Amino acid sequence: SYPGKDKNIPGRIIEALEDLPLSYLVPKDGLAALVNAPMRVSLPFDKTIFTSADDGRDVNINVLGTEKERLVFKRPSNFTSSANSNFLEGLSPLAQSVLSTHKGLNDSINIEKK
């Protein structure tokens, strides 16, 4: 003969748990994968070429239009800097010209999938 006996309250421990999820079981799903990823295993190829200035070969780099290919670049998931605060400065002069020259091919294409 105890209080609320007559009421509709659980009387046995298994019943007290119907609206109690075993929340002391904290899931660790994914934490090991956080150690293990991202992971790169790569193979260096450390060998110089075109050090011998002895080279009488020379090239006329007027690329652009001239098998098959049509390169498509990867739309990255994040910007790598936040916009809350031009990138050719530092290029050597030969380089900067070639880029002004072939400004037409810098009509690339960025897309995404896998």
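Heads up: residue numbers just count along the shown sequence, starting at 1.
- The entry models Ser42 and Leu43 with no unmodelled deposited residue separating them.
- Per the record, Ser85 and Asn86 are separated by 4 to 9 deposited residues that have no coordinates.
- Within the group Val72, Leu64, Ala33, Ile61, the record's highest C-alpha temperature factor is found at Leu64.
- Looking at the C-alpha B-factors along this chain, the one for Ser52 belongs to the highest third.
- Compared with the other modelled residues of the chain, the Cα B-factor recorded for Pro93 ranks in the middle third.
- Among all modelled residues in this chain, the alpha-carbon of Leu17 has a temperature factor (C-alpha) in the middle third.
- Ranked by Cα temperature factor within the chain, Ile9 sits in the lowest third according to the deposited record.
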